[PDB]
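Visitor: Sequence plus experimental coordinates follow:
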Amino acid sequence: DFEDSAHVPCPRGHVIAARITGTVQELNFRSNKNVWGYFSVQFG
Amino acid sequence: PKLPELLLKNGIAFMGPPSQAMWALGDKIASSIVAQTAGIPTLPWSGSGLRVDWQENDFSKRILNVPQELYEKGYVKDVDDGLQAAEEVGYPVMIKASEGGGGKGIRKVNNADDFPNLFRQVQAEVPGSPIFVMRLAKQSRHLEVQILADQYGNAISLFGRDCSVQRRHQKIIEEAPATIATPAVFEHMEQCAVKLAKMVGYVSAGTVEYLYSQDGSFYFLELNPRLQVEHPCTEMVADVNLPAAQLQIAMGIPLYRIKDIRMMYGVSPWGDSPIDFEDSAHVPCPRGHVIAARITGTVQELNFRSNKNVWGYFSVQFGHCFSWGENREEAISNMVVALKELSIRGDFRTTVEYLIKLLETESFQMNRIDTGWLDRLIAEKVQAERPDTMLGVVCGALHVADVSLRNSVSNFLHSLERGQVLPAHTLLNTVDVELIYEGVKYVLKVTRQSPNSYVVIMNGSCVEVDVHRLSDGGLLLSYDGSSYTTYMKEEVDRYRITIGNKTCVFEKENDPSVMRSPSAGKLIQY
Amino acid sequence: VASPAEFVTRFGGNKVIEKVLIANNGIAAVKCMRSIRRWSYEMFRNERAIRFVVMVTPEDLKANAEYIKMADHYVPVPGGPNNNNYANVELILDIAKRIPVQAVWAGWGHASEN
Amino acid sequence: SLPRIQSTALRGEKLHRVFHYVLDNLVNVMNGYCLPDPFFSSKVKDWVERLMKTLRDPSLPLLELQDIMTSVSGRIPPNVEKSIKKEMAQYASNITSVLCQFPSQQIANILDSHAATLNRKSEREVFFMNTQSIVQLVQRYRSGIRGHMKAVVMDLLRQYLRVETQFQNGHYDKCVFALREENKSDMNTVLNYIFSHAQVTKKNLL
């Protein structure tokens, strides 16, 4: 019953997403293991 | 240990323990003697009776007033004293030269009858050196405890690492949370580790290693008085910038003033209140599970798009990958995905195939491994995860084909632009492949069928394929079933084929019996 | 568990889906592949249980787009603007019908609103 | 010792794709990429039976104006779409008649008619470049279904003809030197040429 369990889910931390503009290189960032990203050829 | 001596004499800080503790703890014999001096948290049999007077709550040191008669007893003056010691510890034992370095002067002894020749041999290997005897331990688990100490006597433990997975005594695979050990036993081991460290005055980061058995008996093996390569494991589970903390220790910053630790103990990010680590021993709890794996541009930190919470690196030599999960199963799954994509890279493919396999073994799945597990996993040359044979021969044959074709074409178009009226024949579609697998060769022909289509001819058969040629030296093929991906590395006398995540290698050999001329013309003489 | 069909039966589903056509490209298709292969290994310990067919233009082929090589199967399609390939609903249907496949994932854009 | 099962993706069922596929393969036959043996030298003949049947088969115009009119759902003036779609529909009704002709000329007149009334001032040959495939389609399609059986093979004929006429005039070497000077700047056409008459006997029989 999602109404009775409306309060159960809570976000885990915070996330920031940023649009960036081989040929498609998914670019992993070493600054954080909990941070990752990608770029395609156009945007990522 | 001379390093901290020289920088300290010159007023230059060192991101590590000071000189006295580094020498008194870095020498293996002396460190084993200190361990014996403390409350001996189950030291091996050979060092049961060995001990020293009380090193107490203030500064402690080596003193050799008493540990010289006892010490020379560890340095068993003759075969008779060795045989009696061997009887006390109980067979099997190890005769080890105390001045032996890099594995010289070590012999395994199963019985008193075997003992004498190995004893004379160890003497001959390191003549003049005293010799000691130590217990060849039983099959156990190799575990590590992470330690951190300041300049005022506050030193704490965080958690451990499981390093049972070893190859030729080298730690190959690590895991952070050693859930196998009992929480109470781990707490006792941590307190013992803290006692020994505080007793000697450690003032940096350190790792205390213990040997644990399924029985529930454990024995201390050694202390690494320095940082290890796998410490980032702790950084990822603790949310602690470890080198910055090490620097702060070198700056005299108290433990209670590190933000990360404050949060760890659920206190104010900016308060200055001193923390009783004993009273707050229970506050920290591990977050999930971590698996670390030792792997063998020039240094590519390796992590892709297939999985979050998993990362890794490779340097040129070795690297490490770390996979986090909410629990063991989730972390293994994530690890698998990382190894299949990373496995597609080249020089470390077959070895890593056996690694993926080992990771998939039921013993591993059940956490039913030990230090000798692996030792029995090798001598098992278990080749598997291996492509379809005939696909192998195929992508081979047409790899050689394509390359030769590129050469013949590039030579024709270079040369023809450059002005030679060449004879027609060389323009051939006609490919003759001779490829020796396990004594057998597969002899095939390949005829170019269309700028994008190749036809493979097996022993009087006809299969028609197309490829749509790639850019940087790869060839993928598509059928009813699906599309596959191949890369080709060539050697002098081996043919080194990659079919997706799979590698296979073939030899060409006709030399030792046939004399092949490499050029045409007349035979003048013999 | 032995198979996707068994998953459907054991868990009370009603449609056996073994093959999905991604009617998109780029990150949508790639993210879908990575996520699905992780789930497929988790459920059946075989990442290739659901094969994926992609449409490949000469431009994409010359660019050597990694999703092409990541994909399990490719079909060369006519080049140019997305309106002649990605948006030809009838052509897409024809391919789905021709293999045949059991599902389509479109992701976002190019034909997301027809 | 091989799986013939996955070697099935040779035919299709769409005659439109049978056309493009088989045609590209054959122009590749006569580009020089011929096959060294009888198997092959038989198989393509069969392929041409598949051709002949599909070459008489009046489903070509339907499958190609289907496929283009599927690819131009947008950019569309609905007057012209409902006109074309009605009257294709009764080409469809009148197919399999002894007295069936293409509605091509009718389409040319209507399309030329609202080209006559000029969606103007911005988009004259915008519209032309949206309805391009059709004016060349109708241009193959004026002389009928054997408009095609004439035209295509006639082209192939001049392909063979041109290549092998430059090929033989003097003797092989000098002729290749005449090739050097006919196209002094580039030789890729020359290499494809050399390749083609290299597998002449396959070409020649065929």
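Guide: Done, it's in. Residues are numbered from 1 along each chain as shown, chains lettered A, B, ... in the order given.
Visitor: Going by proximity to chain C, name the top residue of chain A.
Guide: Residue of chain A nearest chain C, by C-beta to the nearest C-beta: residue A:23 (4.1 Å). C-beta here means a position set from N, CA and C on the backbone, and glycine is covered the same way.
Visitor: From chain D, how far off is that residue?
Guide: With distances taken as C-beta to the nearest C-beta, to the nearest Å, residue A:23 is found 26 Å from chain D.
Visitor: how deep is the closest residue to that residue other than its chain neighbours tucked in, by neighbour count?
Guide: Leaving aside its sequence neighbours, residue A:23 sits nearest to residue C:63 (C-beta to C-beta, 6 or more residues apart in numbering or on different chains; 4.1 Å). Applying other C-beta atoms under 10 Å in any protein chain shown, we find 15 residues neighbouring residue C:63.
Visitor: Equivalent analysis for residue D:44, please.
Guide: If you count neighbours by other C-beta under 10 Å, residue D:44 ends up with 17.
Visitor: in the longest helix along chain C, what's buried?
Guide: Using DSSP state H, we find that the single longest helix of chain C is helix C:26-44. Across helix C:26-44, burial judged by 16 or more other C-beta atoms under 10 Å in any protein chain shown covers C:26-30, C:32-34, C:36-38, C:40-41, C:44.
Visitor: what does stretch D:130-144 give?
Guide: D:131, D:133-134, D:138, D:141.
Visitor: Send me stretch D:181-190 as CSV with only the CA atoms.
Guide: Taking Å, rounded to 0.1, in the frame of the first residue of the first chain, the C-alpha atoms of stretch D:181-190 are listed here in CSV:
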residue,chain,number,x,y,z
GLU,D,181,47.0,9.0,-69.6
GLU,D,182,43.3,8.9,-70.0
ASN,D,183,43.1,9.3,-66.2
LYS,D,184,46.5,10.7,-65.4
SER,D,185,45.6,12.2,-62.0
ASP,D,186,44.0,9.1,-60.4
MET,D,187,44.2,5.3,-60.8
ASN,D,188,41.6,3.9,-58.5
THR,D,189,39.2,3.5,-61.4
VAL,D,190,42.1,1.9,-63.2
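Visitor: List the buried residues in it.
Guide: Across stretch D:181-190, burial judged by 16+ other C-beta under 10 Å covers D:187, D:190.
Visitor: How about the residues of chain C by chain B?
Guide: Counting by C-beta under 8 Å from any C-beta of the partner chain, chain C comes close to chain B at C:30-31, C:34, C:37-38, C:41-42, C:47-48, C:51, C:56, C:61-62, C:64, C:69, C:71-74, C:76.
Visitor: switch to 6 Å and redo it
Guide: Within chain C, the positions lying close to chain B (C-beta under 6 Å from any C-beta of the partner chain) are C:34, C:38, C:41-42, C:51, C:61, C:64, C:69, C:72-74.
Visitor: now do chain A
Guide: So chain A meets chain B at A:26, A:28, A:30, A:33, A:38 (C-beta under 6 Å from any C-beta).
Visitor: In chain D, which helix is the longest?
Guide: What stands out as the longest helix in chain D, according to DSSP H, is helix D:145-167.
Visitor: Run through who's touching the helix or strand just after it.
Guide: Counting by DSSP states H and E, the next helix or strand C-terminal to helix D:145-167 is helix D:172-182. Residues outside helix D:172-182 that contact it (C-beta atoms under 6 Å, 6 or more residues apart in numbering or on different chains): B:421, D:169, D:190.
Visitor: Please work out how many residues are found near the first one.
Guide: In this case it means residue B:421. Neighbour count for residue B:421, taken as other C-beta under 10 Å: 14.
Visitor: That one: which element?
Guide: Per DSSP H and E, there is no helix or strand for residue B:421.
Visitor: Just the closest residue of chain A to chain D, please.
Guide: For chain A, C-beta to the nearest C-beta, closest residue to chain D: residue A:42, 22.3 Å.
Visitor: need the contact list for whatever residue of chain D ends up closest to chain B.
Guide: In chain D, the residue that lies nearest chain B is residue D:6 (3.5 Å; C-beta to the nearest C-beta). With contact taken as C-beta under 6 Å, 6+ apart, residue D:6 is in contact with B:479-481.
Visitor: So which of these is surrounded by the most neighbours?
Guide: residue B:479 (17 neighbours).
Visitor: which residues are in contact with stretch C:92-108?
Guide: Outside stretch C:92-108, the residues touching it (C-beta under 6 Å, 6+ apart) are C:17-24, C:28, C:112.
Visitor: So which bits of it are buried?
Guide: Those would be C:92, C:94-96, C:101, C:106-107, for stretch C:92-108 by 16+ other C-beta under 10 Å.
Visitor: Need the max-distance pair from the residues you listed.
Guide: Farthest-apart pair in those is C:94 and C:107; separation 20.2 Å (C-beta to C-beta).
Visitor: The spatially closest residue to residue C:19 that is not a sequence neighbour and chain A, how far apart?
Guide: Spatial nearest neighbour of residue C:19, chain neighbours left out: residue C:101 (4.5 Å); criterion: C-beta to C-beta, 6+ apart. Per C-beta to the nearest C-beta, residue C:101 is found 24 Å from chain A.
Visitor: How about the secondary structure of residue C:101?
Guide: coil (DSSP: H, G, I helix; E, B strand; the rest coil).
Visitor: cool, and residue C:55?
Guide: Per three-state DSSP, residue C:55 ends up strand.
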